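Okay, structure first, notes after.
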Amino acid sequence: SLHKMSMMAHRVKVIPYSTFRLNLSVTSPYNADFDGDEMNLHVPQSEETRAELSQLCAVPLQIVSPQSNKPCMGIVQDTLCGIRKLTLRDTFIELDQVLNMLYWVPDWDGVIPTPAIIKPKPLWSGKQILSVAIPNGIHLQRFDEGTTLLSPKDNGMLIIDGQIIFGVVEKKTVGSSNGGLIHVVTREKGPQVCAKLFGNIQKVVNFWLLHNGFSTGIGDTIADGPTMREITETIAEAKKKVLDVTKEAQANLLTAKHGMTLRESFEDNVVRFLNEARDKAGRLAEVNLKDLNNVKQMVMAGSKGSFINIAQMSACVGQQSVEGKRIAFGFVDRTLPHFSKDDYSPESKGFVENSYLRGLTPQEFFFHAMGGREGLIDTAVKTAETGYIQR
Amino acid sequence: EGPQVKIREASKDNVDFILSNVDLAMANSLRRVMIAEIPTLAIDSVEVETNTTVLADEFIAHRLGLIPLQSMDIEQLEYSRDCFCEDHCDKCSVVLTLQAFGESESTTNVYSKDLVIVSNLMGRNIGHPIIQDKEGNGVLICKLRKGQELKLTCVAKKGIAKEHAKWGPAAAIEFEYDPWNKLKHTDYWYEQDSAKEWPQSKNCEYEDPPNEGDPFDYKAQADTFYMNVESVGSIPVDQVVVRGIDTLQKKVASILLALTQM
Amino acid sequence: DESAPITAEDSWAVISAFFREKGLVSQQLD
Amino acid sequence: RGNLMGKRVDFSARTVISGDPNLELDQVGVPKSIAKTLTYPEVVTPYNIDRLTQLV
Amino acid sequence: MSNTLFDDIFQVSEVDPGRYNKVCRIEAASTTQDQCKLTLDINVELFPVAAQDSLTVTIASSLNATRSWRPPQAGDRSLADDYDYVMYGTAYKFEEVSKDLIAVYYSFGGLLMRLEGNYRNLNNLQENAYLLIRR
Amino acid sequence: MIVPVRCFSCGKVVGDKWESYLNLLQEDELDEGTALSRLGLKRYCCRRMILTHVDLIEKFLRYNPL
Amino acid sequence: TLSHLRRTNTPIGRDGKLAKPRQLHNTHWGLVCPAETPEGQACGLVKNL
Amino acid sequence: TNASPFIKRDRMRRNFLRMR
Amino acid sequence: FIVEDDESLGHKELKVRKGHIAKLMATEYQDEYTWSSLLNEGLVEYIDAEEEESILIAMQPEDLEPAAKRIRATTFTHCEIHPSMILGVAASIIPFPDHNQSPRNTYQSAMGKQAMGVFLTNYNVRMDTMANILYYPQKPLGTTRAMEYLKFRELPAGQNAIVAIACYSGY
Amino acid sequence: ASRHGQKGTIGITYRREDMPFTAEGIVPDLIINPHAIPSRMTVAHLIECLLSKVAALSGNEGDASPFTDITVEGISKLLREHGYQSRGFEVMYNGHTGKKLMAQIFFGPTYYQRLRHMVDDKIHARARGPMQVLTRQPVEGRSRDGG
Amino acid sequence: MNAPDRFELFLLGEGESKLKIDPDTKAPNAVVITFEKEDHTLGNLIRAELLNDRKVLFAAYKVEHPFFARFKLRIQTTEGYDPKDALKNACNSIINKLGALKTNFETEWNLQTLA
Ligand SMILES: [Zn+2]
Ligand SMILES: [Zn+2]
């Protein structure tokens, strides 16, 4: 336990099949994935202690983190992906599915909202059905970067009276954020309604995700031929720039950048070039990537992944690192015994040009191992020192 | 009359057929009832009189528990739970016995065709373990050499596939509808072409191709299913299909009479 | 030929010879 | 630091955890074994006399 | 009692796919009124469109306080339902531009639409309505 | 260990087929993929078991207990 | 069991520095496995051939 | 170009059996 | 592998040859070359950790040996036997280890020692404190060459299962 | 856990009749969440699944073999001519209702192993048990029924 | 210890009914029903065919937790027509349709058996 959370109270529902069991939203305050972690229980023994435990340490009156004035809860991976999937203009629901979803919402008042279309057919929009879980009298605006009140890119957010009007639901709305929906409802309506809000949203999005299905695989990671070719030539011209700089340096005419020594300037220039190459290639892969790509779906859907993750899986790994300087000559005059002496070409000193799809040439594999080892040992020392200073 | 049926082909062990004028929940529930609810017979409790072999005792138990058994006449007897008796009367159960010996110099196998019925079989075709191949041996159990002994007392009971996979007859199932995706219940992940990058269904040609350009037939509805049932062999396949239908309707009629009695 | 060079697939023969000789715990035993 | 400022306690349990999207936040699922081991006293009132009698 | 509340004839200029798969963007001009303009989203699979199509629009506040929805009751209906494209939604913003031209924004589930026009600047709408399109 | 009885995925009995699949590879000199095909295991959930099961039972069996 | 048979260990002292033998070195190539190590209080301290 | 996805030995076993 | 310089075939070649390796295969299938018998005429060399400051190594036996898949000096003295033999025992089990992140390899190499399977064959005889034997231990469908030498195909770790990378609503 | 550091545990269990199921009826053994893929960056797990599938179909057992020249493109061509989708995807049906799922999913065989940390040795509880002697506190020891 | 086994997975209510008839209080003529020892394999069928009937207005089933073999079902319909009558009509439809299916199957099976 490190901060005010991780002692929070709960009500108990007895379940079979021995293990504990808790809601997915409360996972990150506990900081506990299910990789084999373990919790602790503490039963109070009297009326005073039961009362003060229920009135202070219960979860629902601890949504807003006192340490950083934004809620610490939120909805997470599966329901986040499912809620972006459900809130799109391009999707629709028919009658039997919407009846089952409406019955899944527990406090549902028993009125079926009229569908958006009677068109020849009754169909409801995902925004429309999801508005049932949102309680009434709530208002919110986003207006980010598009949003001309006729939002063509469908970015932004707007709710009138518990009804979505436009906008793709996203972590910037329903995850933990400053102007988040969770923040708004807890501050406004009352800080135990929000618990029922999580229950409703989680149940309905989980049901619809069951009957839609979502997955990913290799073909997400693979790229397209011409884009791959452009990636290759981009890295090639970066290598050409590096070689040009090395020639200039070896011809002893350089600007000798101010504040820095000659070799420092050379190293700065080459590292700058290589990182620009990696960024450009990763951007190229991402802007090629199709809208049906699932890792793209998750990464613009909030929950997992990153731009750099996509770039490294598909386009290029990039230059490995050992405290800022790249891999030093442990062997005399060379990095590793498979090259002649006195090189500074990036593949010799450690630029993993390749990508995780194609795999690594063994030298690049070794340099990758170097970088990872550095990260591990840094973690293993910082944890003990930060624990002492915290105490 | 209603839900017509068409047989494509049949064998000793699997039936492949067409189901039409039916609704989706109907077909799917038929599938699940066939895969989970068919009563049968299987060996359930076992008494080791004497084990010597390298093979472990609860292996012998568990691997015995999975031998399929002859169950044409399964309806004649009744459950051990509902039975008026106690401790496995003949009118609720059957008894099996195994004998082994390390006779030869070489390793001796113990096949399923060695266990023999002991109790009163009362003239109902029950309990003989199925021999599928053409070489007499059942399924292999255990191996012995020159000194090991097995003496097994076994009892089979009714059981259904819901609480254990012992009591299954199902063993596989197949299911398909709208092989041409006219109902648009999916759309294909792809990178150049849905059509090129996916293999055609085997059941494509029993319906016409989607005629290329006609608008989306929104009012339509799923029909014309594609089933392939393939039993393990504890019971013939026609029997498993008909019994599944029978037990589903027995369930529904039970809920009806419960409602009327309420 | 017998004097042709070696395609990279073949060296697993050499590795088999090495392991068949040394074993793995050879340094302990030695 | 090991007997006054912190210590062993009583009335506690320790297992591993798994997710569930059918429990709202203030709920926690507990195995029947743990709830059979743990306990909590109640004082007998006029209000709970019958329920506690049945439960005894 | 619940008559039409605005009716006109619209000529579509052109259609935007909108980089989606079932909905698109349509903008149009009124043949009669030279200044009234429209933008709209259509679930294009139920009603494919192209450029140079005349369209009929109709607002229709009701069909003759509301109850739960009903499966549509196959009996004869003296309603505004002899159309081909019927769609329920809600107004959400009003706007005054050019000190004459009103504008209004109706949502539809997630679909959006827009009018212009300065003649009916009081007869125009109110908070929610249907939408009726034929052929 | 013996071959399993009844494939974990599907349920079809396997274990009759083991020594047959052996002698399909002893004297018939047959390729094993075709051997499983001619043995008649057309789904692959069943197929993995015969292809990957190892037989430790005889290596156990070469002791001399009692 | 095989992994435990081929296994090496060094002493360092109380805390130690960074670029001292915790981190992997160039000379380690082809001799000691660049992938295995226990994590926590022994990373770079216990290595396998 | 055949890219070699699996294993094989006994073709070379008989290859040296008749090369001897 | 040692690489002589001057070849009557011109450029440069490693000394060992196809005839030698055929003799090796014959010795294997005999069921009288050894590793030592391959040492005693200058084909391989033992190299400590220092002569690498004096030598030059080739990856492949073809990489500079004649003068959309993967992106890949004329004074070579040695060529390494096979680059996969820079690994260790645990890490020689990870399929395609060049195709993921290094810290993930480190985790797997830690966890594999906690796995259970068989460990010996006389386990019916050996009394022991705690032993863990599973029922139907299957050799893995994917594999690499080293675990043949690790006898791992004879004593497998776990079973292989049919998976599905989906989010089937709950758990 | 896999051979790639994907350790995890069983959430709940299902039978076949509500496990999802594919057209040939290959009902899967186990399902893991997709979000363990990108942030863990564990590509080789996916590659193994693909290669294992094509190895089982062909009969020929596969090959991992780190710095070789086997590519997923070659694996894909081989698996396509065995008669499945070129990236291992699959049409598959919700075993509750039999309806098609929308998105096709990944599917295949993969090698696991079972770890020793089993829950039956970690469940532990105590109410008013034995009691230490020097400090008069609840004793230690999960085996010793401690606190 | 008290952790339940698979005996309670399908054995009907011991000292208990098969179903409860509890009236909703939120809409006119609505009943919730709690079946137990059953699951999707019956619930989806009843819901789908009852929805196929025209006189009903709402029909949806859910299972609360896969640890428990119980599930609920909510029916409302227009006035006069009783929900229990709706349910019994639905069951009669089901029994008739699949009895027809059964007879059809033996006919074609006997036909396919040559001669
Ligand atoms: Zn009896
Ligand atoms: Zn199978």
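In the structure tokens, chains take letters A, B, ... by order of appearance, with residues numbered from 1 within each chain and ligands from 1 in the order shown.
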*Kindly compile the residues surrounding ligand 2 within 12 Å, counting only C-alpha atoms and all ligand atoms, and format them as a ChimeraX atom specification.*
/B:170-173,230,232 /F:4-14,40-50 /I:161-162 /J:24-29,109
Just write the chosen residues, N, CA and C atoms, as a short mmCIF file (atom, residue, chain, number, x, y, z; two decimals), in the first residue's frame.
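Output (selection.cif):
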data_model
loop_
_atom_site.label_atom_id
_atom_site.label_comp_id
_atom_site.auth_asym_id
_atom_site.auth_seq_id
_atom_site.Cartn_x
_atom_site.Cartn_y
_atom_site.Cartn_z
N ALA B 170 -21.57 -36.66 -28.37
CA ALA B 170 -21.58 -35.67 -29.44
C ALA B 170 -20.32 -35.67 -30.29
N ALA B 171 -19.18 -35.44 -29.65
CA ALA B 171 -17.82 -35.62 -30.17
C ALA B 171 -17.36 -34.60 -31.20
N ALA B 172 -18.29 -33.89 -31.84
CA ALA B 172 -18.03 -32.83 -32.81
C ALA B 172 -19.39 -32.33 -33.26
N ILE B 173 -19.39 -31.20 -33.95
CA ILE B 173 -20.61 -30.69 -34.55
C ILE B 173 -20.20 -29.70 -35.62
N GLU B 230 -21.52 -35.85 -35.93
CA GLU B 230 -20.56 -36.94 -36.02
C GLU B 230 -20.38 -37.54 -34.63
N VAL B 232 -19.52 -40.12 -31.47
CA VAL B 232 -18.37 -40.93 -31.12
C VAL B 232 -18.61 -42.38 -31.48
N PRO F 4 -3.78 -40.43 -25.11
CA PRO F 4 -5.04 -40.10 -24.46
C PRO F 4 -6.16 -40.84 -25.13
N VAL F 5 -7.16 -41.10 -24.37
CA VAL F 5 -8.45 -41.50 -24.90
C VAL F 5 -9.22 -40.22 -25.09
N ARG F 6 -9.90 -40.08 -26.23
CA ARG F 6 -10.84 -38.99 -26.45
C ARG F 6 -10.25 -37.59 -26.44
N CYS F 7 -9.78 -37.13 -27.60
CA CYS F 7 -9.31 -35.77 -27.84
C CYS F 7 -9.97 -34.66 -27.04
N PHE F 8 -9.13 -33.83 -26.40
CA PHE F 8 -9.62 -32.88 -25.41
C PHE F 8 -10.55 -31.88 -26.04
N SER F 9 -10.18 -31.39 -27.21
CA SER F 9 -11.04 -30.48 -27.96
C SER F 9 -12.33 -31.16 -28.35
N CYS F 10 -12.23 -32.17 -29.20
CA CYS F 10 -13.41 -32.62 -29.92
C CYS F 10 -14.14 -33.71 -29.16
N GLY F 11 -13.48 -34.82 -28.89
CA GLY F 11 -14.10 -35.88 -28.13
C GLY F 11 -14.05 -37.22 -28.81
N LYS F 12 -13.63 -37.24 -30.06
CA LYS F 12 -13.54 -38.48 -30.81
C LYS F 12 -12.53 -39.42 -30.17
N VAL F 13 -12.85 -40.71 -30.14
CA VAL F 13 -11.97 -41.65 -29.47
C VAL F 13 -10.68 -41.79 -30.24
N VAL F 14 -9.60 -41.68 -29.53
CA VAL F 14 -8.27 -41.85 -30.05
C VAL F 14 -7.60 -42.83 -29.11
N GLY F 40 -7.67 -41.31 -41.07
CA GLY F 40 -9.01 -40.76 -41.05
C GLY F 40 -9.27 -39.81 -39.91
N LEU F 41 -8.46 -38.75 -39.81
CA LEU F 41 -8.64 -37.71 -38.80
C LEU F 41 -8.61 -36.37 -39.51
N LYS F 42 -9.74 -35.96 -40.06
CA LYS F 42 -9.72 -34.84 -40.99
C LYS F 42 -9.79 -33.49 -40.30
N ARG F 43 -10.40 -33.39 -39.13
CA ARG F 43 -10.20 -32.19 -38.35
C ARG F 43 -8.80 -32.20 -37.78
N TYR F 44 -8.33 -31.04 -37.35
CA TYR F 44 -6.96 -30.98 -36.89
C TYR F 44 -6.82 -30.92 -35.39
N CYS F 45 -7.90 -30.59 -34.69
CA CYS F 45 -7.89 -30.65 -33.24
C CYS F 45 -7.67 -32.07 -32.79
N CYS F 46 -8.27 -33.02 -33.48
CA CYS F 46 -7.94 -34.41 -33.22
C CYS F 46 -6.53 -34.74 -33.67
N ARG F 47 -6.07 -34.08 -34.72
CA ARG F 47 -4.86 -34.50 -35.39
C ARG F 47 -3.62 -34.19 -34.58
N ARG F 48 -3.67 -33.08 -33.85
CA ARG F 48 -2.52 -32.66 -33.05
C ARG F 48 -2.11 -33.71 -32.05
N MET F 49 -3.06 -34.48 -31.53
CA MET F 49 -2.74 -35.36 -30.42
C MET F 49 -1.88 -36.52 -30.86
N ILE F 50 -2.30 -37.19 -31.92
CA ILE F 50 -1.49 -38.27 -32.42
C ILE F 50 -0.19 -37.74 -32.94
N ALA I 161 -2.39 -26.38 -26.81
CA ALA I 161 -3.81 -26.22 -26.74
C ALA I 161 -4.27 -25.32 -27.87
N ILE I 162 -5.54 -25.44 -28.21
CA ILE I 162 -6.12 -24.61 -29.25
C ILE I 162 -6.58 -23.32 -28.61
N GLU J 24 -16.02 -25.60 -38.74
CA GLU J 24 -15.70 -27.01 -38.67
C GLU J 24 -16.01 -27.59 -37.31
N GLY J 25 -16.38 -26.77 -36.34
CA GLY J 25 -16.69 -27.27 -35.03
C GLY J 25 -15.50 -27.40 -34.12
N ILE J 26 -14.36 -26.88 -34.52
CA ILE J 26 -13.23 -26.86 -33.61
C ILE J 26 -13.53 -25.86 -32.52
N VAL J 27 -13.98 -26.35 -31.38
CA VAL J 27 -14.25 -25.52 -30.21
C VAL J 27 -12.93 -25.30 -29.46
N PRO J 28 -12.58 -24.08 -29.10
CA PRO J 28 -11.24 -23.84 -28.57
C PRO J 28 -11.09 -24.31 -27.15
N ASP J 29 -9.84 -24.54 -26.77
CA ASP J 29 -9.52 -24.87 -25.39
C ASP J 29 -9.59 -23.64 -24.50
N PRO J 109 -3.47 -23.54 -32.73
CA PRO J 109 -2.83 -24.24 -31.63
C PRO J 109 -1.60 -23.47 -31.16
#
*Expected answer as number ranges by chain: alpha helix (DSSP H) residues in chain F*: F: 18-26, 32-39, 47-52, 57-61
Once you have the residues from the selection above, write them out as an mmCIF file, in the first residue's frame, restricted to N, CA, C and O atoms.
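For reference, part_36.cif as written:
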data_model
loop_
_atom_site.group_PDB
_atom_site.id
_atom_site.type_symbol
_atom_site.label_atom_id
_atom_site.label_comp_id
_atom_site.auth_asym_id
_atom_site.auth_seq_id
_atom_site.Cartn_x
_atom_site.Cartn_y
_atom_site.Cartn_z
ATOM 1 N N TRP F 18 -3.483 -45.779 -32.220
ATOM 2 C CA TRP F 18 -2.083 -45.478 -31.949
ATOM 3 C C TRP F 18 -1.156 -46.481 -32.609
ATOM 4 O O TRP F 18 -0.340 -46.117 -33.460
ATOM 5 N N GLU F 19 -1.280 -47.750 -32.249
ATOM 6 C CA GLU F 19 -0.415 -48.768 -32.825
ATOM 7 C C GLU F 19 -0.633 -48.919 -34.323
ATOM 8 O O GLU F 19 0.309 -49.273 -35.044
ATOM 9 N N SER F 20 -1.828 -48.588 -34.808
ATOM 10 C CA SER F 20 -2.040 -48.518 -36.241
ATOM 11 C C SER F 20 -1.189 -47.430 -36.853
ATOM 12 O O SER F 20 -0.527 -47.647 -37.872
ATOM 13 N N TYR F 21 -1.163 -46.265 -36.221
ATOM 14 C CA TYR F 21 -0.370 -45.173 -36.749
ATOM 15 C C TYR F 21 1.109 -45.495 -36.669
ATOM 16 O O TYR F 21 1.891 -45.032 -37.503
ATOM 17 N N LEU F 22 1.496 -46.313 -35.699
ATOM 18 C CA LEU F 22 2.865 -46.812 -35.663
ATOM 19 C C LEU F 22 3.174 -47.680 -36.865
ATOM 20 O O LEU F 22 4.121 -47.404 -37.609
ATOM 21 N N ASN F 23 2.392 -48.733 -37.077
ATOM 22 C CA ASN F 23 2.776 -49.640 -38.147
ATOM 23 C C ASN F 23 2.525 -49.052 -39.521
ATOM 24 O O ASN F 23 3.059 -49.568 -40.503
ATOM 25 N N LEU F 24 1.774 -47.962 -39.614
ATOM 26 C CA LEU F 24 1.793 -47.185 -40.840
ATOM 27 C C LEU F 24 3.138 -46.535 -41.096
ATOM 28 O O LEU F 24 3.407 -46.144 -42.232
ATOM 29 N N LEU F 25 3.984 -46.413 -40.085
ATOM 30 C CA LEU F 25 5.295 -45.829 -40.255
ATOM 31 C C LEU F 25 6.412 -46.839 -40.133
ATOM 32 O O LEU F 25 7.571 -46.477 -40.335
ATOM 33 N N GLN F 26 6.108 -48.084 -39.798
ATOM 34 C CA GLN F 26 7.173 -49.064 -39.670
ATOM 35 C C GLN F 26 7.448 -49.753 -40.991
ATOM 36 O O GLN F 26 8.543 -49.636 -41.545
ATOM 37 N N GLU F 32 3.984 -39.409 -42.872
ATOM 38 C CA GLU F 32 3.106 -39.379 -41.714
ATOM 39 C C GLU F 32 1.884 -38.483 -41.895
ATOM 40 O O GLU F 32 0.833 -38.782 -41.329
ATOM 41 N N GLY F 33 1.981 -37.387 -42.644
ATOM 42 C CA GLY F 33 0.800 -36.559 -42.827
ATOM 43 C C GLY F 33 -0.286 -37.306 -43.571
ATOM 44 O O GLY F 33 -1.437 -37.393 -43.121
ATOM 45 N N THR F 34 0.102 -37.951 -44.661
ATOM 46 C CA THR F 34 -0.789 -38.863 -45.341
ATOM 47 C C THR F 34 -1.166 -40.037 -44.471
ATOM 48 O O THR F 34 -2.238 -40.604 -44.665
ATOM 49 N N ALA F 35 -0.314 -40.416 -43.522
ATOM 50 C CA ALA F 35 -0.671 -41.518 -42.645
ATOM 51 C C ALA F 35 -1.832 -41.142 -41.758
ATOM 52 O O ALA F 35 -2.756 -41.933 -41.577
ATOM 53 N N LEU F 36 -1.819 -39.934 -41.217
ATOM 54 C CA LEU F 36 -2.973 -39.531 -40.432
ATOM 55 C C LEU F 36 -4.191 -39.346 -41.308
ATOM 56 O O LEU F 36 -5.307 -39.645 -40.875
ATOM 57 N N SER F 37 -3.998 -38.876 -42.539
ATOM 58 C CA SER F 37 -5.142 -38.728 -43.429
ATOM 59 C C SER F 37 -5.781 -40.076 -43.724
ATOM 60 O O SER F 37 -6.993 -40.242 -43.582
ATOM 61 N N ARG F 38 -4.970 -41.071 -44.082
ATOM 62 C CA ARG F 38 -5.511 -42.399 -44.329
ATOM 63 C C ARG F 38 -5.954 -43.074 -43.055
ATOM 64 O O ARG F 38 -6.727 -44.031 -43.110
ATOM 65 N N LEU F 39 -5.487 -42.609 -41.911
ATOM 66 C CA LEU F 39 -6.072 -43.083 -40.680
ATOM 67 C C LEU F 39 -7.438 -42.472 -40.480
ATOM 68 O O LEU F 39 -8.283 -43.046 -39.789
ATOM 69 N N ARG F 47 -6.073 -34.083 -34.721
ATOM 70 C CA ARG F 47 -4.860 -34.503 -35.393
ATOM 71 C C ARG F 47 -3.623 -34.193 -34.578
ATOM 72 O O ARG F 47 -2.650 -34.970 -34.590
ATOM 73 N N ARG F 48 -3.667 -33.080 -33.845
ATOM 74 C CA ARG F 48 -2.524 -32.660 -33.051
ATOM 75 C C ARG F 48 -2.110 -33.714 -32.048
ATOM 76 O O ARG F 48 -0.919 -33.892 -31.807
ATOM 77 N N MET F 49 -3.056 -34.482 -31.526
ATOM 78 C CA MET F 49 -2.736 -35.360 -30.419
ATOM 79 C C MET F 49 -1.884 -36.518 -30.858
ATOM 80 O O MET F 49 -0.853 -36.811 -30.246
ATOM 81 N N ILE F 50 -2.301 -37.187 -31.918
ATOM 82 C CA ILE F 50 -1.493 -38.270 -32.416
ATOM 83 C C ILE F 50 -0.185 -37.745 -32.941
ATOM 84 O O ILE F 50 0.853 -38.381 -32.763
ATOM 85 N N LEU F 51 -0.175 -36.535 -33.488
ATOM 86 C CA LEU F 51 1.091 -36.078 -34.030
ATOM 87 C C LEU F 51 2.082 -35.699 -32.942
ATOM 88 O O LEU F 51 3.289 -35.810 -33.152
ATOM 89 N N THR F 52 1.619 -35.275 -31.783
ATOM 90 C CA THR F 52 2.555 -34.742 -30.808
ATOM 91 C C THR F 52 2.705 -35.574 -29.549
ATOM 92 O O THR F 52 3.546 -35.237 -28.710
ATOM 93 N N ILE F 57 5.700 -44.435 -21.718
ATOM 94 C CA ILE F 57 5.273 -45.542 -20.888
ATOM 95 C C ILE F 57 6.240 -46.698 -21.006
ATOM 96 O O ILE F 57 6.570 -47.336 -20.006
ATOM 97 N N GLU F 58 6.785 -46.939 -22.190
ATOM 98 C CA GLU F 58 7.715 -48.046 -22.310
ATOM 99 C C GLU F 58 9.059 -47.711 -21.680
ATOM 100 O O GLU F 58 9.704 -48.593 -21.096
ATOM 101 N N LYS F 59 9.468 -46.442 -21.739
ATOM 102 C CA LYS F 59 10.679 -46.030 -21.041
ATOM 103 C C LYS F 59 10.508 -46.181 -19.545
ATOM 104 O O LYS F 59 11.475 -46.446 -18.833
ATOM 105 N N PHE F 60 9.294 -45.992 -19.041
ATOM 106 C CA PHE F 60 9.033 -46.407 -17.672
ATOM 107 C C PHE F 60 9.154 -47.900 -17.556
ATOM 108 O O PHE F 60 9.725 -48.425 -16.596
ATOM 109 N N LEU F 61 8.633 -48.596 -18.547
ATOM 110 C CA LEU F 61 8.365 -50.005 -18.421
ATOM 111 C C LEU F 61 9.627 -50.825 -18.432
ATOM 112 O O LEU F 61 9.611 -51.962 -17.971
#
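Taking only C-alpha atoms and all ligand atoms into account, the residues that come within 7 Å of ligand 1 are residues 80, 83, 84, 85, 86, 87, 88, 89, 90, 91, 92 and 93 of chain B.
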*Which neighbours of segment 7-23 of chain G fall inside 9 Å, counting only C-alpha atoms, when residues of the same chain fewer than 5 positions from it are skipped, and could you give them as a ChimeraX atom specification?*
/A:370,373-374,377-378,381 /G:42-49
Limited to N, CA and C atoms, could you put the picked residues into a file as a PDB file, in the first residue's frame?
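The resulting file, again-v6.pdb, is shown below:
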ATOM      1  N   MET A 370      21.083  -5.538 -24.679  1.00  0.00           N
ATOM      2  CA  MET A 370      21.747  -4.525 -23.864  1.00  0.00           C
ATOM      3  C   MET A 370      20.754  -3.514 -23.318  1.00  0.00           C
ATOM      4  N   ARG A 373      18.401  -4.911 -20.640  1.00  0.00           N
ATOM      5  CA  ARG A 373      19.090  -5.167 -19.384  1.00  0.00           C
ATOM      6  C   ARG A 373      19.284  -3.885 -18.596  1.00  0.00           C
ATOM      7  N   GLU A 374      19.597  -2.799 -19.306  1.00  0.00           N
ATOM      8  CA  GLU A 374      19.757  -1.507 -18.651  1.00  0.00           C
ATOM      9  C   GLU A 374      18.481  -1.091 -17.947  1.00  0.00           C
ATOM     10  N   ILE A 377      17.932  -3.275 -14.630  1.00  0.00           N
ATOM     11  CA  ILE A 377      18.749  -2.977 -13.457  1.00  0.00           C
ATOM     12  C   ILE A 377      18.380  -1.622 -12.880  1.00  0.00           C
ATOM     13  N   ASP A 378      17.984  -0.677 -13.741  1.00  0.00           N
ATOM     14  CA  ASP A 378      17.560   0.617 -13.228  1.00  0.00           C
ATOM     15  C   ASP A 378      16.322   0.490 -12.362  1.00  0.00           C
ATOM     16  N   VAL A 381      17.173  -1.021  -8.824  1.00  0.00           N
ATOM     17  CA  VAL A 381      17.770  -0.154  -7.802  1.00  0.00           C
ATOM     18  C   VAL A 381      16.807   0.951  -7.350  1.00  0.00           C
TER      19      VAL A 381
ATOM     20  N   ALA G  42      19.852  -9.649  -8.123  1.00  0.00           N
ATOM     21  CA  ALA G  42      20.800 -10.556  -8.731  1.00  0.00           C
ATOM     22  C   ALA G  42      20.910 -10.356 -10.225  1.00  0.00           C
ATOM     23  N   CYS G  43      20.203  -9.388 -10.791  1.00  0.00           N
ATOM     24  CA  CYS G  43      20.227  -9.194 -12.228  1.00  0.00           C
ATOM     25  C   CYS G  43      21.598  -8.707 -12.651  1.00  0.00           C
ATOM     26  N   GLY G  44      22.232  -9.470 -13.523  1.00  0.00           N
ATOM     27  CA  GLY G  44      23.615  -9.256 -13.842  1.00  0.00           C
ATOM     28  C   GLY G  44      24.576  -9.851 -12.848  1.00  0.00           C
ATOM     29  N   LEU G  45      24.081 -10.461 -11.785  1.00  0.00           N
ATOM     30  CA  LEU G  45      24.951 -11.061 -10.794  1.00  0.00           C
ATOM     31  C   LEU G  45      25.030 -12.561 -10.956  1.00  0.00           C
ATOM     32  N   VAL G  46      23.952 -13.169 -11.425  1.00  0.00           N
ATOM     33  CA  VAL G  46      23.867 -14.602 -11.624  1.00  0.00           C
ATOM     34  C   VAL G  46      23.603 -14.839 -13.092  1.00  0.00           C
ATOM     35  N   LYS G  47      24.507 -15.530 -13.761  1.00  0.00           N
ATOM     36  CA  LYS G  47      24.430 -15.657 -15.202  1.00  0.00           C
ATOM     37  C   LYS G  47      24.692 -17.100 -15.608  1.00  0.00           C
ATOM     38  N   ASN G  48      24.258 -17.462 -16.818  1.00  0.00           N
ATOM     39  CA  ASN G  48      24.359 -18.839 -17.284  1.00  0.00           C
ATOM     40  C   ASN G  48      25.139 -18.923 -18.575  1.00  0.00           C
ATOM     41  N   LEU G  49      25.939 -19.970 -18.686  1.00  0.00           N
ATOM     42  CA  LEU G  49      26.840 -20.139 -19.803  1.00  0.00           C
ATOM     43  C   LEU G  49      26.072 -20.430 -21.076  1.00  0.00           C
TER      44      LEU G  49
END
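For residue 19 of chain H, the non-local neighbours within 10 Å, defined as residues at least 6 positions apart in the same chain or in other chains and counting only C-alpha atoms, are residues 1 of chain C; 12 and 13 of chain H; 22 of chain I.
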Which residues are close to residue 16 of chain C, i.e. within 10 Å by only C-alpha atoms, leaving aside same-chain residues fewer than 6 positions away? Reply as a short mmCIF file (atom, residue, chain, number, x, y, z; two decimals) with C-alpha atoms, in the first residue's frame.
data_model
loop_
_atom_site.label_atom_id
_atom_site.label_comp_id
_atom_site.auth_asym_id
_atom_site.auth_seq_id
_atom_site.Cartn_x
_atom_site.Cartn_y
_atom_site.Cartn_z
CA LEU I 24 30.55 -37.15 -39.67
CA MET I 25 27.04 -38.15 -40.66
CA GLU I 28 26.56 -40.76 -36.44
CA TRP I 35 34.74 -33.91 -32.16
CA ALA I 146 18.61 -26.83 -29.78
CA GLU I 148 16.65 -31.68 -29.72
CA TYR I 149 20.01 -31.54 -27.99
#
